[PDB]
Each structure stands twice: as C-alpha cells, then as structure tokens.
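K.L.:
Output the structure for:
(7 chains, ligands or ions: 27)
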Amino acid sequence: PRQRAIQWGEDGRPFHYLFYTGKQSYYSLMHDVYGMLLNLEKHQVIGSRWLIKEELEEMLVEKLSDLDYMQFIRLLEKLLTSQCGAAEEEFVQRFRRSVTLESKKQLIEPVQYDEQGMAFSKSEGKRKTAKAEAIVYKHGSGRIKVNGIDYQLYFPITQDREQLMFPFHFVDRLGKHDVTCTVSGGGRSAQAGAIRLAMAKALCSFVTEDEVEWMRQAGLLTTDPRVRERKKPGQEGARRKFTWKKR
Amino acid sequence: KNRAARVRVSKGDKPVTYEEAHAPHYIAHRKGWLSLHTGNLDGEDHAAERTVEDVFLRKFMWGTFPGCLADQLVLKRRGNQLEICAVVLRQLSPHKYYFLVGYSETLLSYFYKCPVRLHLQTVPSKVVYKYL
Amino acid sequence: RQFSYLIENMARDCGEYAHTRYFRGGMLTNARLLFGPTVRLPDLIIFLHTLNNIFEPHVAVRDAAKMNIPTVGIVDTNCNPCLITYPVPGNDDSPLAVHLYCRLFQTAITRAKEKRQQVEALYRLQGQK
Amino acid sequence: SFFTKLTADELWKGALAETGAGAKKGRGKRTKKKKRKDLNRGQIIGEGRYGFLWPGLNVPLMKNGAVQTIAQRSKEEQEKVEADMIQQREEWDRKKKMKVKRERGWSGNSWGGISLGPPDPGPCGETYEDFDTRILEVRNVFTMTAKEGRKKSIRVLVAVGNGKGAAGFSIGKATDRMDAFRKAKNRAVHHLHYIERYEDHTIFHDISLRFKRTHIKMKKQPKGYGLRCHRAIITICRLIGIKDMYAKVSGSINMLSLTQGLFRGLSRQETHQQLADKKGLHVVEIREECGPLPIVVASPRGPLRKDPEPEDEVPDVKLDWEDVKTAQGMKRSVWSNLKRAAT
Amino acid sequence: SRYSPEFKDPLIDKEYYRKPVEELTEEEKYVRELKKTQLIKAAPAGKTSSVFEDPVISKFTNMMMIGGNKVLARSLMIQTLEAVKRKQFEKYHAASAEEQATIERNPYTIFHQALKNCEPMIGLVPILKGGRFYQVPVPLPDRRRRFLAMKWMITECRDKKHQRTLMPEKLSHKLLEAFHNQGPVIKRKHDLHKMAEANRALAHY
Amino acid sequence: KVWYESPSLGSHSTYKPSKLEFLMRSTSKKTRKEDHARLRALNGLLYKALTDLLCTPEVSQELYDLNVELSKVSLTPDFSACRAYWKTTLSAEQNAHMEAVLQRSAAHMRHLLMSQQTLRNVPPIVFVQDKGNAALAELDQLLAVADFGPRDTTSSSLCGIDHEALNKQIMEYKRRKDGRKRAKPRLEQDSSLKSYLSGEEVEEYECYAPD
RNA sequence: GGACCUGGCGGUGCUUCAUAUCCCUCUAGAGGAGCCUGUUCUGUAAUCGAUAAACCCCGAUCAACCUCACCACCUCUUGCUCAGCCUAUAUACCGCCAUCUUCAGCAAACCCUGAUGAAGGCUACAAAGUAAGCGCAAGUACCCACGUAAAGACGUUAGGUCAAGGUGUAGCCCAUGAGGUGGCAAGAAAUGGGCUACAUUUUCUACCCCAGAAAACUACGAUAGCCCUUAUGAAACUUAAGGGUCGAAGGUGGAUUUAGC
Ligand SMILES: [K+]
Ligand SMILES: [K+]
Ligand SMILES: [K+]
Ligand SMILES: [K+]
Ligand SMILES: [K+]
Ligand SMILES: [K+]
Ligand SMILES: [K+]
Ligand SMILES: [Mg+2]
Ligand SMILES: [Mg+2]
Ligand SMILES: [Mg+2]
Ligand SMILES: [Mg+2]
Ligand SMILES: [Mg+2]
Ligand SMILES: [Mg+2]
Ligand SMILES: [Mg+2]
Ligand SMILES: [Mg+2]
Ligand SMILES: [Mg+2]
Ligand SMILES: [Mg+2]
Ligand SMILES: [Mg+2]
Ligand SMILES: [Mg+2]
Ligand SMILES: [Mg+2]
Ligand SMILES: [Mg+2]
Ligand SMILES: [Mg+2]
Ligand SMILES: [Mg+2]
Ligand SMILES: [Mg+2]
Ligand SMILES: [Mg+2]
Ligand SMILES: [Mg+2]
Ligand SMILES: [Mg+2]
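P.N.:
Residues are numbered from 1 along each chain as shown, chains lettered A, B, ... in the order given. Ligands and ions are numbered 1, 2, ... in the order given. Find the structure here:
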C-alpha cells in the first residue's frame, strides 16, 4: 500500500505550511482552488463525471470526510460556472474521470446463405430452463416449424402461438418469413418464450435500425432473467414461511 | 450467533494464524483444504476410511511432535503415497527432528501399509496473520 | 474566514505555518497520536483572531497554555487576553487592521531569519581565518 | 476411546470455566478456583514409564565415538527417575509458593498508601524514575446500562511526586483495576504542581482553606515535628518532600476534595522572598532557640522602603477557636497528642 | 425482483413508434432519445401487440385464475364471450326490426359496459372509535372502483347458490343482467352506495 | 433566563435556515434541545406574515375580498417547502373561487414575502386546503351523483367459560370413575489486593553447527 | 433525610415511522369435518430432553427386535478398556446454537470538558474529539452490478443441550456398573402443525389442452375401519405397497389467526 512520506526533516520542521492542519494535502488544494476563483473576479457532462471520494482520497493520499468531499466538489462546480480559461481547465480535468456508457444498440446477426442461396439469419433465446435456436429466412410465406412440427400443432395453446406472432406482428411482417426453430427444456410457455426471443433476435437482421430499436423498447430483445428461486431450509418454499405456531 | 471454528474478537492481543482467522464459510473462498484426496469426488469410494486415517494422523503428529507444530498439518495423497507436510518450530535440536521423522515415517508406513513421507518446514515462530 | 486565504499566504511567504481551518480536538494536547511520537509542536502560536465563529475563545488558546507554548494574539475589546502571553489590543475585524498585522509579523519574521543567516555566515568566515 | 480425546487447550478452557454467564457478570465467586497448569512443562520428549533409552531422542546418539543401541533402565534405575521427577514437581511448586510479599497500605485490605512504582517511560525516551506513585483511593463504581444492567468499573485516585517539591495527582477509570492504575499514574505526571517548601522541610506559613465542603488547616512546624496529618496528607507530603507539618481536616472527608484541596492550598503559599519583594522590607526570623538574634531570611531585590510598616495596635485577623482553645488549656481530647509511629 | 432498478418497463404500442417525428414535441423528443440509453425489461408472455388485445379482459381472466391455471381461466373467459354473443344473436333474430336496432351483439361492449355498471363510486372503511367499530364513507380511486366491479362479478359466480351450472353460463347470464342495470352484483353496488348515505354523519372522521 | 431554557453555548451563532445548509450538514448530527425552538418560532413568524397580507387590501383586491383565514402554517425542516392551511367554506362553489385566486396569488405572495429581507429566502409556499373537511364536501359531490337504485353459537362464551367442554371433561372422568438472600453489590468481597500483597510471580548468540 | 446521575417504567408528550408491514387494502390458508403427526393430560410395572415470542413431524435426514437410555425377572463382579456410570449439577464448562438480527453498533489506547463529583465529549459558513480492531460494508457462491444465499460483532434471555462427544465439582463401585429374556408406549379427552376433502375452474377415461361420460343416499368424499395378498425381515393383528369390501363426517368453517412484493 502506498505510504505517505515523512512530513518533517531532521530539525523537526514540517515541510508544508499547512502541516498542523492534519490535512495539508486537502487544504492545500482548497487553498489553490479558492485562490483561482479570486483571480478570475479580478480579471472579470454526458461523457465526464466527478471523481468519487475514494479516488480523491488517493490523489491526496489522505483520509477525507464525506462533507470534505462535498465542499471540494461544490468549489469546483463554482469554478466551471465562471469564465475559466485554459489554465483553469487543465486543473478541473485532473479531477474529472471519463464515464464509459455501454451502447444499448442491439447486435445484428450476420446474414448467411444456404446451399440454395436463400438468405437467412440465426440466433438463440433462453426462457427459464427452455433454450431455443431459430433460423429466420429473409423470404418466405409465414411458415414456422418447431422441431419439425407445424407451430400450431406443436403449440396447441393459443397463448403460446400469440407469443410467436408478437415479434413479426410488431414490425408488420406476418406472412413474409419462413422459420425453422428447435427448442428443448422447460414447459410449453417457457419454450414459446424462448422461441419468441430467438426469432426476434434473428429477425433484427432483416429490419431497419430504427425498427430494431423499437423492438428493444418493446421488450422483444431482452432475455427474461426471472428464473425459479431456490427453496431455503427452515421454510416451506422460496419465500413462504412455515406457520407461526399458535401461542 | 454462529460459533463453529470462529476465533472471537478480543482486546487485540491474541495472535491468530491465517487458517484460524477464517471461519468455515471462507473454505474454498479464502482458505483451502488441509487434506487432499479422491475419496470425496463423485463416484469415488473409501471416503470413510480416508477420514478416520486423517483424524488419527493429526493426533499422532500432535503428540509425536509435542509443542513443535506451528500450524495445522497438510495431508496429501497421490496414488498410495501419503505425504505429511508440517510447519514446525526451531526449538528442538535437529537430531531430535531427524529421529522423529525416521521414527514416524516408518511407524506410519507399517500401520497403514503404504509409503509415508513427512516433510518438515521450520519457522522461527508461529506466523501471525492478525491480532484479534 | 474573511482572512483565511490572506493568512495562509502570509505564512507560506514568511516560511511559517498557518492553521485557519476547523481546529480538531487534540491537535496540540494529543499531537503525538495524531502526527506521530516524533512530531515537533510549534514554539510560538500567533493568533490574528482569538475568538472562534461562535464568539468563544479559540480552543488553541487554552491548549497552547496546556502545552507551554507562548502565544501572541490580537485581542479586540470583546476578547479574553488572560492566557495570551503577548497580547496586542487592536482591531481584528477591519481588513486594513488585519492586513497591517500580517505585514508586520511577516516582515519581523523575514528580517529575523535573514539576520540569523548573516550572523552565522560571518561567524563561519571569521572562524576559518 | 482414542478418538474422543481432546487437546490440552480444549480441556483447560472447559475445566476452568472462564467464559460463561458465571464469568460474564461475576455471578460466580472463586474462593476455590481451578488454576491452569502446564503439564508439558517438565516433560522430556522420549521419556516414558518403561524407561527406554532411545538414541538421539532422550540420550546422546553417539557414546565413545560409536552409535548407542536401544536400552532400558533397570527397575531400580527407573524408580529413581520417577522419584526425581516427583521431587522436581514439588520443588517447582515450592518455588512458585515462595512469592515476595508486598507491604500493606493504610490497612491490610486497603489500597490507599500502596506504591505503584515510577510512571512508565514516555514514547520519546522519557523516563520518570525519580517519581514515586502512591494510591489514595480505589473505588468500585457501578453504572446501570440500557441492555447490560449494573456494570462494574474502577475509579482510582493516585498521587505522584519526586520528593523535591514536584507532585501531582490524577484520576484513573477503567474496567480493570490495573488499567486504572496505569492511566492515573501516567496522567498525573503530566499535571505536576510545584510546591514551595521552607528550608525544604515544611510549608512557609499556616494554610487554612476550604474546598467545597472539605476544610484543611495546615500549620508550619519546626524540624523533628514530623507529619501529624490525615494519612492521605502524610502520603502526599512524602511525595512532595514535606517532613514537618500539622494538618487538621474538618467537614466532609472526601478523598478527592481533600487531595485537590491540599494541592490548591500548597500551590498558593507565599514564600518569604515574595513577601519581601511585595512589601520591599526585610523578613527577619526570630527563633527562641537562637534567642534575640535577628535572622534575615529574605530581602527585597528592588529598593528597600524607608517607612516602617504601620503597627496596628490590634490586628483584625480572624482566629480559629480550636487554636485559641488549645493555647488556653481549655482543649480536652483523649485523642489529641497520642503516641504514634514515626511518620 | 431480478431486474435492477435501472430496468424500465417495455412500451408495447405500435402506434407510439410509427408516429412521425414532426408531430413530436420537444419533451416527447427527449423521452425517445433517452430510452435508447435505458435498459428495458423483457416483454411478459401475457401481453402482445395484437389488435385483439384487451387489457380489461386479460385482468378479469387473471382474477378468475386458480392456482396458475391460465389455460383453464382463459378457456372460461372465451367461453363466456362466445356464450354472450350467442345469447344476443338469439335475441336479435327473435326481435322486430325496430327492437333489433337496440340489441347489442358485441360481447366486448357488453363486457365493458356490464362492469362499468357495477363500479362503486364511494366505499366504506371500518373505523374504530371508543372501543366500538363504525364504518366511514370515503370516495374510491379509479383503480379501486374497477377492481371491486370485477371482484363482485367473480365472487357472485362462485357463490354456492348456483347449483351445477358451469361458469361460462353463470358469468354470461350475470354480465347480461348487469349490462341492463339488473342483478345481484348491481344490488351490491346500490347497497354499498346506500350504506354510505346512512353513514354521512360519520364522514368527519 | 426562564424555565424555558436559554443556556446554549452557541447562543450567538447566526441562525441559517436555508436549503443549502441542509445538504452541508453532518449526517450524524441530530437536532439539539433548543434547535427545535427556532423552527417552532420561525414557523410562527411565517404565520404572522401571511395573515397580514390576506387582510390588507394593498396586496391584492381579489385576495382582500375573499377574507381568507389561515388555519395553520408550519414550515418544513428540510427548507424545501412550506405548509400553509386555510379554512374551507361551506359552498363548494365558493371554495373553487378561493382556491383559484389563492393558487395564482401564492406566486406573487412569495415575492411579497421576499420583501421581508429577514425572511427573504422563503421556500415555495404550499397552500394546502384543510381544516374544513375538504374530503367531506368531496364525498357529497359524489353522493348526489351516485346511483342508489330503486328506493324501497353457544351461551357459554357469553358466560365467559366453556361450560360444555368442561361438562364433557368431568363426565369423561366420571366414565372412568364408574425467597433467598441477595448480597449488596457494593459489599461483594474481592481478593485482588490479597493476591497483590501476597505477591505476583508468574515467572542470544546463534551459530552454524553449534555445540 | 437533602440534591443530583443512571437505569427501568409511565392507562408518558411531540414528530417521523414500519413494505408482506402495526391497522385497512391484495391472494391463498389455519380456526369447523375425517385422517396423519407432535405435545399436554390421563393411563401404564415401564425413559429422557425441548416446552411465551425463541417448545409442540422439536433432538429423530425417524422407536416391530435392535436402536434403548425405560419396566419386570434372572445372571456376572479387576468387569470391551492401566475399568465402568445416559448418576446429580447446562446456575461450573468446552463444543454447537436459539433470540433480538427483517439490527448497526462494540471498543482497546489516548485526548479534552465538568473546580480533576457520579458523568460528558455534536453543530461542515463546524463549537474537542482522534481512534487500531471487530461487525456492517466490500468481496465471494448461485443465472448479472439485481435477487437469493452466505455473513451478521458486542451484548441481551445464568436461553437450549452434562442424553453428540469431552469435561470441572459431588456421588455409585456385589452396583446408580455390565449382560440376558420378555415387555411398555394406550386414549376419557384437550390442543398444535400437516394431509385429504367438502365438488362443476368439478369427478372418471382417452389425451397431455379442439374429446366422450359422470354429476346428490349407487354423486363428490378416507391415505380411516374391516378382509386378503405381496415386499423387507429370523420375527409384521402391528411396517409399507396393492386389491376387495365399506361409502362415514364433511355442504367452504364464530371470536381469532398464519404466510406471501
Ligand atoms: K429515564
Ligand atoms: K379451515
Ligand atoms: K452455553
Ligand atoms: K455433555
Ligand atoms: K459432568
Ligand atoms: K446396571
Ligand atoms: K391443521
Ligand atoms: Mg407454494
Ligand atoms: Mg442462524
Ligand atoms: Mg473584533
Ligand atoms: Mg488483615
Ligand atoms: Mg381442524
Ligand atoms: Mg415426552
Ligand atoms: Mg422438562
Ligand atoms: Mg432444561
Ligand atoms: Mg422460553
Ligand atoms: Mg425396544
Ligand atoms: Mg445406566
Ligand atoms: Mg445457559
Ligand atoms: Mg449483490
Ligand atoms: Mg441466512
Ligand atoms: Mg456482509
Ligand atoms: Mg437455565
Ligand atoms: Mg429388550
Ligand atoms: Mg382403504
Ligand atoms: Mg415372509
Ligand atoms: Mg362413490
């Protein structure tokens, strides 16, 4: 761990004029910032954040209170609002740390071609314990095959068929693509959910970028993380407790 | 409050070793196992026999090297070889450490009918991880 | 706090030390714990204002006496000079008064340090020959 | 069973019963207490009942340049070894039994008056070997606590002094009686008073003061008079270096009020030089053993006044009826002027 | 929840997305560029963009579901909607050209209007005063009014007074009764309102 | 001073009730004994200020005619909002007029309150309507609109004992038929000194190939 | 006896509160019926422990013999053991835990205040607190940074366990130890928890969701009773499984009450 060096010499005289504050590094910075604000008066966001207290406590190599951190930030913001020059901009940037934002843009699967030259895309989806892999063809008549079976024969429940409709209906492409998908594990609903996600991800290769973002905002490209919760010992279920015995 | 294998906070004067300082929930997270063998793997047999043998070897070595062990034993089994790795102190004369190694290796080899080796690492004093 | 910046600069320029911030409990009476067993404490504490922001005596006045440190202090008409070794009755509020005090102490301190170097240098040159 | 046996640490932790509801609140008292004993202390590796001699473990490995062989002590030779180890065990116990006794204080069961030694050396190579520490009061204070009920702490009052005028006192507080001793004696050495002594044996003048409800009246006395004072005052006076003084304590007899009241009165005594400087006159001491010889004890450093001090025919000073009643032979007490040990 | 607070609920509405940019306000433009940076929850399997989607019927279906048996709950609802439509087609063909104009044959319009005729405007709350319980009238929020209309309809059909009659025939008969401001469920509304009027004096509490 | 406490050491401190002070405050800090007093008394001052504005015609002609009466005025400790309560009128029609004018007046009143430099920093005032049972008139608004439709087991428990169960119990039986002393804590005896006066006696070079 | 401090308590004030949470609100239940199981009481020659929250399908992830520690009878005495004891004491203890904890505090070592009294030590435009360490936190496990696990100090209830084992003190040693044979563990009842029901969102069959029948004294409803068979075992009116016979109470349950975001 980084060690603060001795703060006085052989004669016992501290090196820094703010030694006896106990926070010479923190108060030396406040003194430098306060002095700059004075000189300005005499003269006259998305990609960046303020450093956290644990990062300021390392630049200074000192221990800092929570209010000490706030006071320093309140003083820098008061310095940005002023007509700060180039010298007053390199300084503030020392305490600004770049904030990286992940892009929520959906990744588009590559468009492949089969032996006959028909363009198609392939993706995968997971719902609970069900795992689906769907092949969506660029051109088709609206046929959906699930493990080699007609979707309405594989999914006799009307709600499971509605889930297959949801991705295509949302982008107005019913009757325009052929799909051959395979699904294993889980129940009937989990399999329909896994196929819905698999078809939606593969379908993104044949729609415009704006349409892919509308599907994302419609919940059609997000893997559902809701899975069965474990039972805990000493209780009836994942959450239910045993009856609190009558007293 | 949980008690199992937990050295409790005191006044800051009690030296504990790295092993003693970690409660059971840290096993496989911060601390490893003191014995390694195949008996507890899936589809493996003779876990009961390896367990009793290990309990004995720990008691045997504690009383055969009284006041000399500076930490728990590490027991290693490869094939039929049994390796005992012990961290010991530097108080006993080296002649007595060679006697007890020769004596213990032979006695344990005839007891469990396997080649047994004892590996001693000496430390000037018990290694202290923290003062609880 | 009107003069915190001025006083910190005066200290740095003369080669001395300033404490214009919130004075923490035991900085003087518990210095070895806070700084270390070999910390050297001040030989002289100069108060440009002897009262804190709640109009009570600065804690360092009492703590300086406890540690047998002599204190110089500007004492206005509402201040208590009993424990200040060298009190100076004077206005501590007007910027002109406070600025004057800083010039005098800064100049007195700077002259005394230069005098020490002059004497030492002469004492060495004369010593060799 | 071999596998049901435990280690010595486990057995002593159980047998001693130092952790438990008995030992949490001292709910159990210990006139008879199990004492931990180290059973590996006098044990030699290699030594057993059968008396075998193992070369390299309990006997030398080589004898006469040749390796020794396995041997066994004779039945007679082994009885001696067993007997010798039993005697060594009583000798070890007898050595522990022989512990140097410490002197008692004001009474056999009292802490007051007992020496604690010099304060500990400070962090910066500071030492206080010249200072002695004496206990004045050890109290058990009981604090009622929100969750833990009545808890027991210790408040200790100790005084320190070097016997040459420098002395002080400090209170100590801790859960343990020995931590309170450390805090009190170490803190007191940083709060030392200097006490002026006349001829390095007594006070400069009679001192009568009240601190809260505790009254202390002290009288300057000649050499050989000794310390005829409250036992606590005697203890403090030995630390200051006062050899001859009379003191009478009246009102509340509170050790703390008495201690800090005594230091307040001894620190505000005017010396003869201060009186001479204050009045610019000579201070002349008249001793009956020296007859009419005038002995100048102090002379003013500044100019010497030429106008005599006014001689008020009758001084308007307040007198103590106790002092006057004694000088007139009207003080009758069976307890006054009793023969006592040298103090 | 397995969704971190950062996850926002999905907006399933085709129209909301095809709306041209020019029609958008500066506030609605900000909301749209913001969602492109937000995390979106996966759309639940219940609701889709289908044009036949009705959230009220989906809610009534869930309130009829026993032990997670949505297939059976959904079956009962679609059987009730078919039973309502057939009862109206039979009343329609048996009516005169003048009466035919007033006969509704859409089961969704009947279902919605039947529930709206059962929503209680004001409800009572049991309050304790001097060791004695007295109810107090209070206005009902929109969420609570719609819930009570459903719960009263489902509760009435589950009453044991009905002997061996299947749910699609019980519910279909009750919906058409309430659609005409008649029935037990409408009486429960009327009586709740009536009990509130009696307790107007206690409304100060 | 009075029985009302005024011993505070920082009695000369400048009272600073602003929104910025709340953010720059130690989280551990808790309100002192006389810290509530300033809040209790500052809230009362706001009540005084608002009451005068309502009854003086100069502030506003519409406000004066309304003759609004303030039931309660309590500022918040956060310093972000202020709670003011006015008494409702019987006529719901009249209630709407008062609320409408008060709602628009509040904005101007806030600036009028800023005229008092002592209370220049006044958080936005929340003119809550209460004290007049606003929810009772609201209920009547619904009551008239609402459609009412066409207009027209053991006495043992009362006794307090289960006489039946006990009667069976006895019948079933008939079927088969046919202090210490506590020591004062201060006086508990200790032997630490006796162990002390008895005595406390708990009681280099290195070479390669040594001999 | 006076004054004060702490704690406890107040049919004690004020303000803000609890998120499956104190009340209402939401869903499914318990409280009624039968059965399964625990405890209590009663009974028996016939264990023991838990037993308000924090006991009551609890020690037991388990009692036909064995297990077993119990009762009756008979037998052995340096005894499987360099003996033995499930004898007393959990108010001597280790060990392992419950509880608040669905907490966030505990605190060594110093320093300062109150006259150096018991005590107290915070104000950020800051007024005497600094603090190692422990806990929380962080981290790690599981499918994420979410959630759930795990973790959770000090202290509280002399909380539970001497019958897991070990063990201090006290007691037995031809018996309070050891072995054998047989036997006990029932219900006049009360009560806790659970199971199955009372049915039509149901019952039976096919199927695993586009069906056909049933549907009130031959319906729904026992996993109960009775009889038989089989499995395990040396041993089964006794334990379990299956078949036959039988077709009961029960018609959705007062005060009250449990769990779930
Ligand atoms: K109290
Ligand atoms: K029930
Ligand atoms: K215990
Ligand atoms: K035990
Ligand atoms: K025992
Ligand atoms: K026996
Ligand atoms: K039950
Ligand atoms: Mg469940
Ligand atoms: Mg636990
Ligand atoms: Mg001034
Ligand atoms: Mg004695
Ligand atoms: Mg029942
Ligand atoms: Mg029992
Ligand atoms: Mg019992
Ligand atoms: Mg018990
Ligand atoms: Mg209890
Ligand atoms: Mg048995
Ligand atoms: Mg026995
Ligand atoms: Mg206990
Ligand atoms: Mg996490
Ligand atoms: Mg847990
Ligand atoms: Mg944690
Ligand atoms: Mg107990
Ligand atoms: Mg038997
Ligand atoms: Mg049967
Ligand atoms: Mg058989
Ligand atoms: Mg039948």
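K.L.:
Strands of chain A, start to end?
P.N.:
In chain A, the segments counted as strands under DSSP state E are A:48-50, A:96-98, A:112-113, A:119-127, A:130-137, A:144-146, A:149-150, A:179-184.
K.L.:
what about the longest one, distance to the chain center?
P.N.:
So that's strand A:119-127. 22 Å (C-alpha atoms, centre = their mean, to the nearest Å).
K.L.:
Now do that strand: everything it contacts.
P.N.:
Residues outside strand A:119-127 that contact it (C-beta atoms under 8 Å, 6 or more residues apart in numbering or on different chains): A:109-114, A:131-139, A:186, A:190-206, A:223-224. All C-beta atoms are positioned from the backbone trio N, CA, C, and that covers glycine.
K.L.:
What angle do strand A:130-137 and it make with each other?
P.N.:
If you take axes from the mean of the first three to the mean of the last three C-alpha atoms, to 10 degrees, strand A:119-127 sits at 160 degrees to strand A:130-137.
K.L.:
Tell me the buried residues in strand A:119-127?
P.N.:
Applying a neighbour-count criterion of 16 or more other C-beta atoms under 10 Å in any protein chain shown, one finds A:120, A:121, A:122, A:123, A:124, A:125, A:126, A:127 buried in strand A:119-127.
K.L.:
Chain B: which of these is nearest?
P.N.:
Nearest to chain B, judged by C-beta to the nearest C-beta, of the buried residues of strand A:119-127 is residue A:126 at 26.8 Å.
K.L.:
Report the contact partners of the residue lying closest to residue D:46 once chain neighbours are set aside.
P.N.:
Residue nearest to residue D:46 in three dimensions, not counting chain neighbours: residue D:58, with 3.0 Å by C-beta to C-beta, 6 or more residues apart in numbering or on different chains. For residue D:58, the contact set (C-beta under 8 Å, 6+ apart) comprises D:44, D:45, D:46, D:47.
K.L.:
mind checking which helix or strand the second one is in?
P.N.:
Using DSSP states H and E, residue D:45 falls within no helix or strand.
K.L.:
near RNA strand G, which residues of chain C?
P.N.:
With the criterion set to C-beta under 7 Å from any atom of the strand, chain C comes near RNA strand G through C:1, C:21-26, C:28-30, C:33-34, C:52-54, C:56, C:59, C:62-63, C:66.
K.L.:
Help me see whether stretch E:145-161 makes contact with RNA strand G, please.
P.N.:
Yes: using C-beta under 7 Å from any atom of the strand, stretch E:145-161 reaches RNA strand G at E:147, E:151, E:154, E:157, E:158, E:160.
K.L.:
Any figure for the gap between the closest residue to residue A:70 other than its chain neighbours and chain C?
P.N.:
Spatially, and ignoring its direct neighbours in sequence, residue A:70 is nearest to residue F:24 (6.4 Å; C-beta to C-beta, 6+ apart). Applying C-beta to the nearest C-beta, to the nearest Å, the value for residue F:24 to chain C is 13 Å.
K.L.:
Quantify the burial of residue F:24 by counting its neighbouring residues.
P.N.:
11 (other C-beta atoms under 10 Å in any protein chain shown).
K.L.:
do residue B:4 as well
P.N.:
Number of residues near residue B:4 (other C-beta under 10 Å) recorded here: 7.
K.L.:
for it, what are its contacts?
P.N.:
By C-beta under 8 Å, 6+ apart, residue B:4 lies in contact with B:23, B:24.
K.L.:
how about 6 Å then?
P.N.:
Each residue near residue B:4 by C-beta atoms under 6 Å, 6 or more residues apart in numbering or on different chains is listed here: residue B:24.
K.L.:
sorry, back to before: for the residues of stretch E:145-161 next to RNA strand G, which one is nearest residue F:136?
P.N.:
When the residues of stretch E:145-161 next to RNA strand G are ranked by distance to residue F:136 (C-beta to C-beta), residue E:147 comes first, at 24.5 Å.
K.L.:
if I look at that closest one, how far off is residue D:121?
P.N.:
Per C-beta to C-beta, to the nearest Å, residue E:147 is found 80 Å from residue D:121.
K.L.:
quick revisit: for PyMOL, write the select line for the buried members of the residues of stretch E:145-161 next to RNA strand G.
P.N.:
Buried residues within the residues of stretch E:145-161 next to RNA strand G, by 16+ other C-beta under 10 Å, are selected in PyMOL with:
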select buried, chain E and resi 154+157
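K.L.:
Restricted to helices, list the residues of stretch E:145-161 next to RNA strand G.
P.N.:
Among the residues of stretch E:145-161 next to RNA strand G, the members falling in helices (DSSP state H) are E:147, E:151, E:154, E:157, E:158.
K.L.:
was I right about residue D:241 contacting residue D:166?
P.N.:
No: proximity of residue D:241 to residue D:166 does not meet the contact threshold set by C-beta atoms under 6 Å, at 8.8 Å.
K.L.:
so residue D:215 is in which element?
P.N.:
Assigned by DSSP H and E, residue D:215 belongs to strand D:214-220.
K.L.:
which is the next helix or strand following that strand?
P.N.:
strand D:227-228.
K.L.:
how far out from the middle of the chain is that next one?
P.N.:
For strand D:227-228, the distance to the chain centre is 19 Å (C-alpha atoms, centre = their mean).
K.L.:
Sheet-wise, list the partners of that strand with their directions.
P.N.:
According to DSSP bridges, strand D:227-228 forms sheet pairs with strand D:245-251 (parallel).
K.L.:
and the gap between the residue of chain B found nearest chain A and chain F?
P.N.:
Residue nearest to chain A within chain B: residue B:2 (14.8 Å; C-beta to the nearest C-beta). Separation of residue B:2 from chain F (C-beta to the nearest C-beta) stands at 31 Å.
K.L.:
And for the closest residue to that residue other than its chain neighbours, the neighbour number?
P.N.:
Nearest non-adjacent residue to residue B:2, counting by C-beta to C-beta, 6+ apart: residue B:23, 7.4 Å away. Using other C-beta under 10 Å as the criterion, residue B:23 is surrounded by 15 other residues.
K.L.:
didn't residue B:23 look like it was pressed against residue B:6?
P.N.:
Yes: the pair residue B:23 / residue B:6 is scored as a contact, 4.8 Å apart, by C-beta under 6 Å.
K.L.:
Backbone dihedrals for residue E:54, both of them.
P.N.:
The phi/psi pair for residue E:54 (degrees, to the nearest 10) reads phi -130, psi 110.
K.L.:
number of nearby residues for it?
P.N.:
Residue E:54 is flanked by 14 other residues according to other C-beta under 10 Å.
K.L.:
Need the phi and psi values for residue 104.
P.N.:
In the absence of a named chain, this looks at chain A. Main-chain torsions, residue A:104, degrees, to the nearest 10: phi -90, psi 0.
K.L.:
In contact with residue F:92, which residues?
P.N.:
For residue F:92, the contact set (C-beta under 6 Å, 6+ apart) comprises residue F:137.
K.L.:
what about it, distance to ligand 10?
P.N.:
Residue F:92 sits at a distance of 62 Å from ligand 10 (criterion: C-beta to the ion, to the nearest Å).
K.L.:
Got the phi and psi for that residue?
P.N.:
Residue F:92 adopts backbone torsions of phi -60, psi -30, taken as degrees, to the nearest 10.
K.L.:
State the phi and psi torsions of the closest residue to ligand 10 within chain B.
P.N.:
Proximity of chain B to ligand 10 (C-beta to the ion) peaks at residue B:12, 48.4 Å away. The phi/psi pair for residue B:12 (degrees, to the nearest 10) reads phi 90, psi 20.
K.L.:
Just confirm it contacts residue B:132, I think it does.
P.N.:
No: counting by C-beta under 6 Å, residue B:132 is not a contact partner of residue B:12; they are 7.2 Å apart.
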